[PDB]
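Comments concern the structure below.
Methodologically, a virtual Cβ is constructed for each residue, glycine included, from the backbone with ideal geometry; neighbour enumeration extends over all protein chains shown. What follows draws every value from the coordinates through simple rules; no lab data is involved.
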Ligand SMILES: *[C@@H]1O[C@H](CO)[C@@H](O[C@@H]2O[C@H](CO)[C@@H](O[C@@H]3O[C@H](CO)[C@@H](O)[C@H](O[C@H]4O[C@H](CO)[C@@H](O)[C@H](O)[C@@H]4O)[C@@H]3O)[C@H](O)[C@H]2NC(C)=O)[C@H](O)[C@H]1NC(C)=O
Ligand SMILES: *[C@@H]1O[C@H](CO)[C@@H](O[C@@H]2O[C@H](CO)[C@@H](O[C@@H]3O[C@H](CO)[C@@H](O)[C@H](O)[C@@H]3O)[C@H](O)[C@H]2NC(C)=O)[C@H](O)[C@H]1NC(C)=O
Ligand SMILES: *[C@@H]1O[C@H](CO)[C@@H](O[C@@H]2O[C@H](CO)[C@@H](O[C@@H]3O[C@H](CO)[C@@H](O)[C@H](O)[C@@H]3O)[C@H](O)[C@H]2NC(C)=O)[C@H](O)[C@H]1NC(C)=O
Ligand SMILES: *[C@@H]1O[C@H](CO)[C@@H](O)[C@H](O)[C@H]1NC(C)=O
Ligand SMILES: *[C@@H]1O[C@H](CO)[C@@H](O)[C@H](O)[C@H]1NC(C)=O
Ligand SMILES: *[C@H]1O[C@H](CO)[C@@H](O)[C@H](O)[C@H]1NC(C)=O
Ligand SMILES: *[C@H]1O[C@H](CO)[C@@H](O)[C@H](O)[C@H]1NC(C)=O
Ligand SMILES: *[C@H]1O[C@H](CO)[C@@H](O)[C@H](O)[C@H]1NC(C)=O
Ligand SMILES: *[C@H]1O[C@H](CO)[C@@H](O)[C@H](O)[C@H]1NC(C)=O
């Protein structure tokens, strides 16, 4: 009696998946839909490396903090990486205005170039440039100051109104930073600027703003009762910025010129930066982005898979190894 | 041998859809779930037309910019349309404070009414109203100024403290705009206000704020080294606003009275405004909103379908034209 | 003829559900997926009761508004409840800076403690503390002032520069509040502070800021043409805050010490607070959170089900009572 | 091999949504016939239109909403604002896409199942009195005229009426 | 026409979730019976509870979260904040609704399939020894007593035991 | 009881995705055989790959996006920003989970249906010429050699060729 059965053959498998009706079904094959591991390195996005600030943060690097001088810079970056030891920023106590905004707008830059906007040697014959350092910002044991800014002081019992202006003949935006100093007492006001009732005025064609010394008593920070606020502004290609003051100007020395990028951001990671590429960068490591979901970290940069809090997401495709109750 | 088959008949069709298991199945009928076209016109939402600023933007229109004078206004609007040629705003260089917020709050208005809050003819006998125009805002070839504001100047080697206050006996909110001028030098200060150490103080029951001339050198804009900031505020029905100054007040002349709407917004479109209705408005054109999804533009105003980046979304409802492998 | 039928039995039921293909099918059992009712009380989240301000709001409570004095405080809270009758806040006209931010940061607190930062009796021998009350803030029929702040005035035709500073030896953050007064005229300036050209300077190691009297004419509010702004700041454990002024300081009297919580919020509800627990609190009442969806209120606090605008969401699990066309 | 396409010539036939019908195709002395089954075809039309409506109606949630404008010192909000827009864009596009794809394999199986269910229904009536011959056809073991055919297509076929005739023919036709 | 509602009187019968069961209904010399099939009914109860639990458990993601307050110069953030709220509202409402509707047509088919699958399982045992007579009933070609009935309902019917008796009765009963 | 696991010894057998196949297992004079059905197995492999691809491809929407930083006076934005992050997190987690679980019960039913559909296809050819004996097997009423077996496996079995032989054997074997 010739006989024929129709059924299905299943290969050996340990693969297990879940369905709505059963909790642990052994199928002969599944495809993982979840990205759940990372190479453990900060790679390059858009085929470019991130800016890697070393022992210091964006402020210390933008202003010329001394510790920061030990560091290199390239003409572009995808993103920026601050480490858990980038403590060196604004070494002289004070407030960085719109610090968060600046950090956002510098996250992807195209053609960085630092340049001497107001050369110390020649820009201030009537003011004193030589002196004007502080323990707060010290290099090689001695009192110093920011590499990118310059602390003007009365040349000798006088600080005549100064007025200098840059014009921006570069082809791109210029980021100009300065500071205003707030002595802790009117005596210091005199010692430094010899002008009790002084001011600082800064004017581009898109930026008017006045500044005055908030002379007041305050707690010491890095041994300084005095404070200084650091401001910034983006100068447009044809436009000119003009400074004008009778005291208290931590004048710009070097400015920056750059083309701001689409819109990256900043990652704080102690992982090592390597020369690999990634569509999706995470703080602990880079990840593949061919799968639609991922559980490494929600805070990501790139064309990334969706952060999901799942552990495993196996899509069954195979046959059951233990045949179903239906089939019996 | 009498014989009966059971099967299905399918009508002629070219309609094709996709399923998870097959890529290009011809079915006998499908319903498009995607809105994917637009009439190409800016229609009315809530059965009201949008405010259509012409050759100029909200600032120029709110302040009375001269070019803007060629333009009409109705007592209400659903939203606001700026064109790609609304370049005429704040013709005298300066900053509009909370410009973005004001624009948001005016997007849907109910009963617009412009009124002369401080009539030029009678409000300032001690100050000069006659002179006070600039090339920056010129009409019909001559030097002019904003239609809605007034530039008070020393009547003759004196600017006595002025103090005028409106009371708002209208039944709705009043939007009061003014400005503060910042001469480029102390000589101009004198020429204009004759009061080196002058100020501007503006006070409602919900709004105290002092102003002072930021006298400083700056680049020319539309041939002006001087700047002026334009501020605004919403006066509440019973409340009174009071101005007081010794110089530098671009005083209010006309104010506005209105009931602010739920919450519309602004569209920038060069499409023509027509007298049709829409539940959903998009910048290139209006769309039907009976379907659940739409691929015209993500930036929309109305009760809109969800912007999706799909090309076609056909839901099959018909029979297959080529019978399935299952049915063979 | 022995006979056997296979089929299914369904128990009696009125339960009805919906499916894509039918609108009102009677099944023998369903599980509601929708949370659609609330106990009608403000319970405790994280096993803690909310702060329950009475006839007054956070400003009136933080500053010591008189009406507020009728009220208790505990050392911690999950969230805060303001009622529809918490009208008593800043009784003297003026602006509370970053009022929204402070409110956010105080929504979940751990170890509240109010302390006398600058005792009235001994802190100001050279200034007048005795006088300095107002109709605006009146208690028990007489003119009074905030319980937590102190209005310093010239002791007799003189207000010598004052300078006092707290050091914060508590083990947690200190919230220090003060105010700056703006007299309505220069005469009042003299009457109160005897110092036409006076100022107020407040300095922590993280907080520099100058203040000046904006002397101006304004509408009366609670019978006061004068205004005062109320500022605040969080003092860090080792750090010190230092005040310094020649007029116009509504000095701190009592400050607060606390550990700020993760991140709660504020609910405005006229419901009664009871001693029950909740994972999810809503303004009208608490809800169960074992189900995945809920239609009570979108604005919720806790580990809450998703707000959905559905009316009923019944998942069928039973058998049909009217057998399907398929089965016939 | 289980059921074929009733070779209807291509009529305007039936109602929209499904652009066709479940039916029969007979052959008897009187001649051949094509008849669509009302009760089954109609049920599917109601079901699929109920289905299409849900997919559309249940959305109809949207309310007056928009898009936003910020300044050169508000870059961060602006980008927060985009994160939201794009977030939503990804979510709907993925769901609306999956949802159509998945639900299309469903509608198509649904049709195939109704046709096969109709077959089982006719098999249920005839029993013994006919022979299963493949491709969703039954061969009758008795003379089935247009009236008898109609009673099959409308669920009233009287088995006992033809049992004996069928018996004879089947005993000495097949077997 | 494929299977009926076992006309159980309306007992308290079985366990929640499914409020009923898949079973049999016999008729022999000894008399009539109603028996629910444990192995099949139970599997479905496990399945559907596993299903309801997934739909609930897998949410249980929420964390302490809230709603916000802004001032008269923060109208734009406030509306950005609403866009988010309502965005979510639309998403959940649509998915939770579709999900229940779609997943309900599924549960109902699931039941119908299990009942039919049970029929095919009995058909598998009896074969020859019985006659399919519609409405999900088999007529036996041999005397099937309560013991024999039980062996069917629990998957141990011995075909060969009755093949010969059945052969006789069938040869000269049907055909 | 409807179809079994073709007891293939455990070969490297077929192509990935499905790690197995739909097939036959015969027994005739010449001996026994195991053969997988190409047309049916392959169709499923194409289907399920098409299915796995849709689930992956249709996402591929993401664009350069991120995460944000605020200051001590921006607590409210910061928390608005979390509400967004977590909102999304809950949405995808729930959908990706449900989607896999639901779509996994589907893939598994799909396999079981294809195996049963294959059985109905063989039933369609043989008809009379064989006997259904349970567990997805047919017993032939004629001698079916390897050539005849192949014609079954590839949809070309000639019924009329063996009808008469089968008639005789069946009349006086069963009945
Ligand atoms: C209202 O807005 C309109 C349009 O936005 C604006 O019209 C412009 O007026 C200025 C007057 O200040 C014109 O002068 C310009 O000068 C600048 C800088 O030197 C140039 O960029 C322009 O050069 C082009 O245009 C000239 C004439 O059209 C040509 O002679 C020349 O070849 C250049 O192509 C120009 O000389 C300017 O001409 C117009 N429009 C523009 C943009 O060309 C008007 O001033 C605004 N008025 C108010 C009240 O706000
Ligand atoms: C650049 O960043 C580093 C990293 O924070 C700074 O080094 C630290 O300097 C501080 C402030 O002077 C040191 O504090 C001192 O600690 C000693 C002993 O450890 C203590 O006795 C002193 O009273 C004082 O508080 C600190 O020790 C040192 N590193 C540590 C351990 O944190 C550096 O100051 C920064 N410089 C610039 C230019 O910005
Ligand atoms: C605490 O809050 C209560 C509740 O609002 C306040 O009582 C109210 O005070 C207002 C404001 O000054 C009074 O306004 C006055 O209204 C009367 C008529 O109502 C009118 O004749 C006056 O011209 C004036 O506009 C109001 O009478 C009074 N209402 C109640 C409930 O008695 C109270 O002022 C607040 N006090 C503090 C300490 O903040
Ligand atoms: C858009 O078209 C739909 C579908 O026919 C129609 O019902 C609706 O009224 C239209 N909406 C508009 C543009 O008002
Ligand atoms: C099918 O395979 C058999 C086995 O050799 C052969 O008879 C026949 O020619 C083939 N025909 C088709 C269409 O597969
Ligand atoms: C099946 O299991 C055995 C056990 O050792 C192994 O050798 C064989 O290769 C397995 N097949 C597959 C597909 O891995
Ligand atoms: C699920 O499968 C795994 C591996 O095949 C097994 O170890 C576990 O016990 C299973 N769970 C049950 C019993 O459902
Ligand atoms: C569907 O798309 C294909 C591309 O694979 C197209 O060329 C074909 O004509 C379509 N199917 C039919 C026959 O409509
Ligand atoms: C569904 O049944 C209920 C009563 O059980 C009724 O409200 C409803 O309208 C019924 N379905 C219809 C419209 O046939």
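Return the equivalent ellipsoid semi-axes of the protein assembly as shown as a descending list in whole Å, where each equals the square root of 5 times an eigenvalue of the C-alpha gyration tensor.
Equivalent-ellipsoid dimensions as semi-axes: 82, 33, 32 Å.
I need the Debye-formula profile for the stretch C:43-274: one equal scatterer per C-alpha, no solvent, reported as log10 I(q)/I(0) at q = 0.08, 0.13, 0.17 1/Å, two decimals.
For the stretch C:43-274 at q = 0.08, 0.13, 0.17 Å⁻¹, log10 I(q)/I(0) is -0.30, -0.79, -1.29.
Mind jotting down the three principal axis lengths of the stretch F:100-158 based on Cα atoms? Whole angstrom, largest first.
For the stretch F:100-158, the Cα spread along each principal axis is 48, 21, 16 Å.
Which distance in Å, rounded to a whole number, links the C-alpha centroids of the stretch D:1-73 and the stretch B:79-150?
A separation of 61 Å, based on Cα centres.
Starting from the Kirkwood Rh over alpha-carbon pairs, what translational D in µm² s⁻¹ does the stretch C:127-242 have by Stokes-Einstein at 10 °C and 1.306 mPa s?
Once the numbers are plugged in, D ends up at 101 µm²/s.
Could you give the spread of the C-alpha atoms of the stretch E:10-113 along their three principal axes, from largest to smallest, in whole angstroms?
89, 24, 20
Can you give me the angle between helix F:75-126 and the longest principal axis of chain F, using Cα atoms only, in degrees from 0 to 90, rounded to the nearest 10?
Here the helix axis deviates by roughly 0 degrees.
Which value, in nm² and rounded to one decimal, describes the direction-averaged projected area of the C-alpha convex hull of the stretch E:75-175? The partial results should precede the final answer.
Values: hull surface 39.3 nm².
Averaging across all directions leaves 9.8 nm² for the Cα convex hull.
Averaging sequence separations of C-alpha pairs under 8 Å and six or more residues apart, then dividing by the length of chain F, give the relative contact order as a whole percent.
25 percent
Using only Cα positions of the stretch C:1-124, each an equal point scatterer, no hydration layer, compute I(q)/I(0) via Debye at q = 0.21, 0.23 Å⁻¹ and quote the log10 values to two decimals.
Listed by q, the Debye log ratios stand at -1.34, -1.45.
Roughly how tilted is helix D:38-57, in degrees to the nearest 10 and between 0 and 90, from the longest Cα axis of chain D?
Taking the Cα atoms of chain D, the angle to D:38-57 is about 0 degrees.
Taking the Cα centre of each part, how many Å lie between the stretch A:1-46 and the stretch B:263-328?
Cα centroid to Cα centroid, the span is 38 Å.
Could you please rank E:161, D:123, placing first whichever residue has the fewest other Cβ atoms within 10 Å of its Cβ?
E:161, D:123
Determine by what factor the alpha-carbon radius of gyration of the stretch B:285-325 differs from 2.2 N^0.38 Å, reporting the quotient.
It is 1.65.
Quick one: label points 7 angstrom along Cα→Cβ at residue E:38, distances to the other copies in nm, smallest first?
4.8, 4.9
Taking Cα centroids, how far is the stretch A:183-229 from the stretch D:112-174 in Å?
104 Å
Tell me, what is the FRET efficiency for residue C:138 and residue C:284 to the nearest 0.05, using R0 = 35 angstrom and their Cβ-Cβ distance as r?
Computed FRET efficiency for residue C:138 and residue C:284 comes out at 0.45.
Under 10 °C and 1.306 mPa s, how fast does the stretch B:188-328 diffuse according to Stokes-Einstein, given a Kirkwood radius computed over C-alpha pairs? Answer in µm²/s, whole number. Provide the component values of the computation, followed by the final result.
Details: Rh = 22.0 Å.
Translational diffusion coefficient: 72 µm²/s.
Could you pull out which residues in the stretch F:1-45 have an amide N less than 19 Å from a spot 7 Å beyond the Cα of residue F:173, following the Cα-Cβ vector?
Taking a point 7 Å out along Cα→Cβ of residue F:173, the residues of the stretch F:1-45 whose backbone N falls under 19 Å are F:25-33.
Applying 1/(1 + (r/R0)^6) with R0 = 22 Å to the Cβ-Cβ distance of residue B:131 and residue B:220, what FRET efficiency is obtained, to the nearest 0.05?
About 0.55, to the nearest 0.05.
Taking the stretch B:254-305 as the region of interest, what is the percent of Cα-Cα pairs per 5 angstrom bin, listed from the shortest bin to the one with the maximum distance?
All Cα pairs considered, the percentages come to 4, 17, 25, 21, 16, 9, 5, 2, 1, 0.
What span do the alpha-carbon atoms of chain D cover on each of the three principal axes, reported in whole Å from largest to smallest?
96, 31, 27
Residue of B with Cβ nearest the axis relating B to C, plus distance in whole Å?
With distances in whole Å, chain B gives B:212, 6.
Kindly provide the Kirkwood hydrodynamic radius of the stretch D:1-48 in Å, to one decimal, from all pairs of distinct alpha carbon atoms.
In the stretch D:1-48 this quantity evaluates to 11.9 Å.
Taking neighbour counts of Cβ atoms within 10 Å as a proxy for exposure, in what order, fewest first, do C:166, F:141, F:159 appear? All intermediate terms of the calculation are to be shown ahead of the outcome.
Details: C:166 19, F:141 24, F:159 15.
With the sparsest Cβ surroundings first, the list reads F:159, C:166, F:141.
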